Amino acid sequence: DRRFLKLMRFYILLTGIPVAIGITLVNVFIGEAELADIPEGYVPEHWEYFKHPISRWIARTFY
Amino acid sequence: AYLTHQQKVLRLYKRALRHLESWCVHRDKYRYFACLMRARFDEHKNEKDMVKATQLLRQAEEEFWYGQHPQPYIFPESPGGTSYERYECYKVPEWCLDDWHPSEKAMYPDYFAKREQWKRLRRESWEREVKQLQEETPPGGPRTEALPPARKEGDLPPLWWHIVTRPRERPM
Amino acid sequence: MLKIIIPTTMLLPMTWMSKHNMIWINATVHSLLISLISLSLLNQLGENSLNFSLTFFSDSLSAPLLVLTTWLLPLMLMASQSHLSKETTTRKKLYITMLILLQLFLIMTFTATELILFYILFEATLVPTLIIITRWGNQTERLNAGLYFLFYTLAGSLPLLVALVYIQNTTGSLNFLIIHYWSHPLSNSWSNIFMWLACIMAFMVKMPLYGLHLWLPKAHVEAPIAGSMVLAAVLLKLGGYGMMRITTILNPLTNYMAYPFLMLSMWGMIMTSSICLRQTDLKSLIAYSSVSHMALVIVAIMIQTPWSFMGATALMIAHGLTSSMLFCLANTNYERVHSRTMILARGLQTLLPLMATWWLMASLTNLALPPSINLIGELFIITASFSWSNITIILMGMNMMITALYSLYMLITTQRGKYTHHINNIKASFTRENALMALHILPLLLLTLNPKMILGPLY
Amino acid sequence: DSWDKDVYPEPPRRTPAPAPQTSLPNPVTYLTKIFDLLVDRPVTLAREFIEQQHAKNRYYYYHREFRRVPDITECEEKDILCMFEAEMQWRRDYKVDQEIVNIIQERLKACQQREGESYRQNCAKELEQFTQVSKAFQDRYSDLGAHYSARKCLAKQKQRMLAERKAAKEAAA
Amino acid sequence: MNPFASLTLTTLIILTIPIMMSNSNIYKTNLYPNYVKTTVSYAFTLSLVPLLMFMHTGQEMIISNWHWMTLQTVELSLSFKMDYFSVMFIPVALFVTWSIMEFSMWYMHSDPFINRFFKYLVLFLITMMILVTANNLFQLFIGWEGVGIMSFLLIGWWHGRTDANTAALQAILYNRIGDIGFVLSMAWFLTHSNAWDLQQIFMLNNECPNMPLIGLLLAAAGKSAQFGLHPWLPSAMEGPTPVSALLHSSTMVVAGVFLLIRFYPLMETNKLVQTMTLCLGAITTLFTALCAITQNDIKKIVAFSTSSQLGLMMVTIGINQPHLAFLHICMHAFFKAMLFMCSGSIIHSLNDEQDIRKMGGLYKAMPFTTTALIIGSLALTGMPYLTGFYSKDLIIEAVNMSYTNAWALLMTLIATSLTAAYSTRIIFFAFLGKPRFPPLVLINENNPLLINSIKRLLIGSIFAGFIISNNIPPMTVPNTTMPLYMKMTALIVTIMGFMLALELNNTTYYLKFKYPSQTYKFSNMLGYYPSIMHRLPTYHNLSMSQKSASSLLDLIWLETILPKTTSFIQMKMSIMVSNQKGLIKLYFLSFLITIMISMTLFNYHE
Amino acid sequence: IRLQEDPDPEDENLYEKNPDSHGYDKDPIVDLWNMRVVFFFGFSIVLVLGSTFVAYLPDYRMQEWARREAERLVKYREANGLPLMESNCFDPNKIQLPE
Amino acid sequence: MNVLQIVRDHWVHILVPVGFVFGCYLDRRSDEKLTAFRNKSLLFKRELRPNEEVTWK
Amino acid sequence: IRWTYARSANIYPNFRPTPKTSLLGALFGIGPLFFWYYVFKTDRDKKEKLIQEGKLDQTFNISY
Amino acid sequence: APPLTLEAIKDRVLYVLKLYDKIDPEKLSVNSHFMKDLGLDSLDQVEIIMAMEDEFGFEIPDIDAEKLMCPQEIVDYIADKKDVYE
Ligand SMILES: CCCCCCCCCCCCCCCCCC(=O)O[C@@H](COC(=O)CCCCCCCCCCCCCCC)COP(=O)(O)OC[C@H](O)CO
């Protein structure tokens, strides 16, 4: 049981901590987008209609 | 087996006094009432009519079953008491300790070595102690649950392992 | 769409052509990988369902169940590689073949855009499960058990076949979108009730409601571990998916004809949960608990209320994950004791301390303890039912009161109490069983943060 | 401020000036003081650092706008091509109206703590506004069924002036 | 936007840290209990600052943090509402449990799973200040079962004790009967008032909450262990002493009462509902006290003395006195929590014996424990100018000074006299007498952990109500012109009850034998409730489940009507079809019939 | 002897052959490797990033777009004084109700 | 490094991954037949940009 | 194992349809079901009656 | 609680029989069988074991209470019931 419990704290944290900094790092590097009005003569990109950068990137790369 | 009359009276005497203790509470009352309770017991000791003695113990416990304290006094360790199998959740069977990982077993070398002696002893003793059983078993199966001791020298009494290696009553 | 299907079926050649001993490994690898890809499908738009082609589409209801089925797929492989180790490689490969073939059908039916297409693999899931229950089942009465499970669903499914083709000849196509947009008020003509009965009874049977439920205790108990989970965590739920889809053209006939089922379900849950209070078999007790939770969804779906659908989808998933876990609990205990009687192995917590915990959140989750997804399901359903009628809360709340007693009843009888003296084969729990158990509980609490993912299209 | 004051009318706060007379020191002033130079300023120092970094590389995003499209009352019978646009438009307006009730509900709940013991009479305007919204919301979407569609909403509505005009005829007598 | 709102919430995030640290398992496996005790101490120290900010200004917060999820017109959000009923409760509640923690290490100094025990207490704690601090009904429902399930594990701390599991099963059962009323209120409020946040419910002025309030009342009765749903609390003494000292004394058992205080504004609009609130409180006061003065276990005495208090608390909320009832929560938190580890001190020191008939002469043996108990008992009786006086003496005067049910008012007076009655019984049997314990004496209280913990609440209980009453704004209506005859009733009845109870108690010293009175046979047996209601309804429902239900329907009828009947009919008509003779004479005869009937009889030709 | 059969095999303990046994399969090296797969391809890549993926999923159900429209719509409506949301949905002016 | 055998025993691991990249192909092929109303619905139909010729692929 | 068998399987083979078994099955079967039907039917037959003539209040009831 | 060891038991044991006025101190032996030589009536034997019961604080079952017969045997049954080995 002790070894098994140690395995989560290893393997979950194996990706947990790099994600933990990554989520914060994008929040200390480029920040959050602001609600700007639609500029004239330029339809936005499909992924552009999102404020959080990760959500925009997920929309950009996947959907 | 046979719950003969004298044990029933001793059952009556022991349990009634405990109930009487739960009533008087104060020691002087308990001591005082016990003696008169004792006095009214031994005074009728001459009855060649055992049936009459039984008749005297018809109303006896019926009065007790009326006179019984609804909350008798029990030491907590006994059944019904507050500390009944309170420390059971801690005691664990010894055989589970064989499962222990070798690193865990290495943490207690000499005691585990002592376990090996017990494991060794119980091995050959089993055949010896079981052999004593059939050679002296009464016909038609065991008549009484009491278990005969080790008749000869050296051999351990039969079925000794679980009683001897029973976990201690205060395990922590 | 395709990005899930071909990976699932192309997984089949891998298991067949893999090395002799690597079958469990590579199958587990990509089953989890398929789960990740399925999670990418979990996204949904506002109101229009995620439509892919004439053959496949997904909505906010199908997606949570899809990711659940793919998520399940590693778990049977994890749960089964203990009682199948001493088997010929071909039979192990065949066993794995059955699961992914079964799982492949589940992706197909949930994403099906046409009711008949939904219908064709609606019973096609039976064939792999019938093999799993019969061949690899570890009991004697599994043979009669498979017959009961097979015939009950067919007895209900075939009327749907006649009903479904009748829709095609009367209202053109049976595309789920085309039915919803061209819905017409079903009349009260005495034929329309038999119309209504046929379109409903098929989903009734494989969603055990009181009376039509005796297959489930025989289905679950004699089935092997992998068969029990798939049957209780997804299979009881094809009926659920059908009702949310097929009740589009059953109104307002559903308003009046709902009464016999609602009374049967609401009273049945009290009866069935009462059976749980006095079940001698641990697996049977979990099985009967599934009837009670499922019967709650029967009232949920058949009320036809926005809130009722939402709580249905909440209990839709939460019960499935929980029931699979409890079956894992019983299975992880069974082989150690080689018996199913609950009182056989008491006081397991003193011997296995971690399983005491795993059994503990498992019982709490089935308790609908807030904020677990089960509570969101039951509590949402109670409010929807209470709006429908004030009396039902007497029945509703009573179920929770009964659900409390039997849930901790298995906890006290098995985990707590005095360990059994005679047994001495209880070994320390393999970390596979431990890992699998967290594989179940951890996403459940992870789901608590985001109910909106599994609330459904009504959300 | 990020949000709009018109959407969220905030009556001006009446904060009394601190005029104590007892000579013994008022403690809560001190706990606020130490908090200011132990928590508030370090938080602000980090905040001004993060906010200036955010303005260093600023990326924008806008709000999607759906133009008006013919709805279900002018869509031809059957003709699911026009029904699709009609249904989606109606469901979008369903989302807006659900949020409209949400906005009103927050304003009603905002009064409760804001008005304190004066809640009962001070914001009766907030009460009637929610009453007007909730009643009108009932006439729009309530009892539409879990399979609600723009067809049913029109159907339920078409009953409303059916009864109303029938009542008007009776009222005219 | 002062630190008030910011740091009232961190107090919650302070004491959840020990839970996270434990899950790491790197946490100190030896000095863990000290870690949590100090953590709760800091959580307490932080908690005063919102308090001190309150009586000065009087601002109560509603913070709506991260939005969980929105349901069309519903916006269920994790929101904490720092009312006076809250902003006061966290300071006292942590103050009590911090002292309990200090007592806990001394008392449970040998339990091998002590780190688990302290983890459970914190987990119980977190479930508590999310219950009291609950701006929405849903997260109020979060605590209402979070504490209940936490009690089940804590009550069954000694898993092997078969009775402990039964008591643990008993606690969750009676709680769930009350929980039935809770969701009924939740369903009504969402259906009618279209919300669960307490703000919308108040503003939507549901001045006819007949079913809701009944649901709330039923919820309180289960949690606060009222008549019909009491016996779980007296039976909940099978757990360890600190467990009963914290949960089932003044922190979790009072939660049911706290529910009505939260929903007081809606209750006062109705008139019918508050009747059975004070009606249930009246019967609960008498019956629990009536069984109290005949029990023989200190835990049984104290627990019943609690339930009589919660009987008293609901009496005040009956006649529009919510905050005085909340005031009684404050005082009951101090002295009632005391009596337990004060009793726990004698229990552990005198070799874990809980039968009140084995002590005596402990006055000189444990002077501090004896000193602690007499202050606690006097506080419970309501001695003027100390703790209980600021609430109970006001309450007894309050309910008397109002238009109430005459029968209800009478029981409160009898209960108060009975409240002193069992107080004498404890002081008489346990302390004022002669030794009765086993010969080997091990009486000891010199451990600083026990001394510091008890003394910490002692200075708390001595003044107590003076500070709170003088600090809180004057926010209930004070009645002024009492006819002196009934204003003394707050003291007359207890002093009266002191007299005969002492006379009855030392009548045991009198040599005359005590004949078993039938009333004693009734009062001592928990008032006959457990003997019947825990044996008749349980047997019937269980017998129904097996004899009928499962066996009768599931395994006999439901398997015979649909499945077996069709199977029998198929088999009965499979055999006779297949049972043919093999002789063509009969087969061709059958064909001749078929040709004859088909051609003519069924009009197939025409 | 009824039939020439075999006695019921005894459940082997994976631990007594190799104490570090993880219960995934008999052979130690694959058993250790099965640990890596079930955890790395279990908790690690699915639970961690999958949660972040679904947590940071773009606007689902337009939960915030409707809010912004509602704020603008409600700001428009009470400015002119007309009721902030009409009791009717499909404008009755067009409706051509029968009789 | 034994590659003649690591390929034989671990060539199965590439099957599903190419299946996924295959699955996207039919996904990104079947949609072409479903063009029909491309930039035709008046909700989304708009002026076509100077360089790109297809709004949604 | 005898107890489990007698309580799980050895019921129907030993079951015999008799008036005691028959009546108890009907009493505990259709009985409660039809009873609840009547209770729910009349309650719903009063509820829709009130709203149909406008004799019930759902002014703030929207999330049904 | 300090470990109660068999030397302390017999010291406390013979303390009580010597206390019992029916058994005056002079002829107490560790194995002095009660009615065989001390003449203590068996009806009082079911009475001296409750004195032992309060002396050490626990209940003696009747199955062996009638068998608890000699002061050494009194000590012997005490030791194993509380795993007293030292
Ligand atoms: C184990 C038994 C079955 C279990 C329970 C299943 C559900 C119960 C009801 C089963 C109904 C099956 C047949 C329904 C097929 C589709 C019905 C449909 O679409 O509705 C038609 C309903 O019409 C019917 O007649 C349908 C069949 C009615 C029921 C009679 C036959 C079915 C029951 C007996 C056979 C099955 C039972 C088992 C026998 C061993 C509409 O046609 P109409 O009559 O309106 O046509 C226009 C005009 O009026 C003339 O046609």
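Cβ from N, Cα, C; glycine included.
Residues annotated as transmembrane segment in Swiss-Prot: C:22-42, C:60-80, C:98-118, C:147-167, C:193-213, C:224-244, C:257-277, C:284-303, C:308-330, C:351-371, C:391-413, C:435-455.
With a cut-off of 8 Å between Cβ atoms, the residues of this chain six or more beyond the transmembrane segment (C:22-42) that come close are 3-4, 7-8, 11, 14-15, 50, 58, 63-64, 66-67, 69-71, 73-74, 77-78, 81, 89, 92-93, 96, 100, 107, 453. Residues 61, 64-65, 68, 72, 75, 79, 220, 225, 228-229, 232-234, 236-237, 240, 244, 282-283, 286, 289-290, 293-294, 296-297, 299-301, 340, 355, 358-359, 362, 365-366, 372-374, 376-381, 383-385, 433, 436-437, 440-441, 443-444, 447, 451, 454-459 of the same chain, all 6+ positions outside the transmembrane segment (C:308-330), place their C-beta atoms under 8 angstroms from a C-beta of that stretch. In this chain, the transmembrane segment (C:257-277) does not touch the transmembrane segment (C:435-455); fewer than three CB pairs sit within less than 8 A of each other, excluding pairs fewer than 6 residues apart. Segment contact is absent for the transmembrane segment (C:257-277) and the transmembrane segment (C:351-371), given fewer than three CB pairs below 8 angstroms at sequence separation of 6 or more. When Cβ-Cβ distances below 8 Å are used as the criterion, the transmembrane segment (C:391-413) is approached by residues 266-267, 269-270, 273-274, 276-277, 279, 282, 285, 289, 292, 296, 299, 342-343, 346, 359-360, 363, 366-368, 378, 381-382, 385 of the same chain, each at least six residues removed from its ends. Among residues of the same chain six or more beyond the transmembrane segment (C:193-213), those with a C-beta under 8 A of the stretch's C-beta atoms are 122, 152-153, 155-157, 159-160, 162-164, 166, 186, 235-240, 242-243, 246, 249-250, 253-254, 257, 261, 264-265, 267-269, 271-272, 290-291, 294-295, 297-298. If you look at the transmembrane segment (C:224-244), the same-chain residues 6 or more away from its ends with a CB under 8 A from one of its CBs are 61-62, 65, 68-69, 72, 75-77, 79-80, 83, 95, 99, 102-103, 106, 109-110, 118, 122, 125, 129, 132-133, 136-138, 200, 202-208, 216, 283, 286-287, 290, 294, 297, 301-302, 309, 312, 316, 320-321, 323-324, 327-328, 331, 456. Tertiary neighbourhood of the transmembrane segment (C:60-80): same-chain residues 4, 8, 24, 27-28, 31-32, 34-35, 37-39, 41-44, 49-50, 95-96, 99-100, 103, 106-107, 110-111, 224-226, 229-230, 233-234, 237, 241, 244, 313, 316-317, 320-321, 324, 328, 331, 432, 435-436, 439-440, 443, 453-457, 459, selected by CB-CB distance under 8 Å and a gap of 6+ residues from either end.
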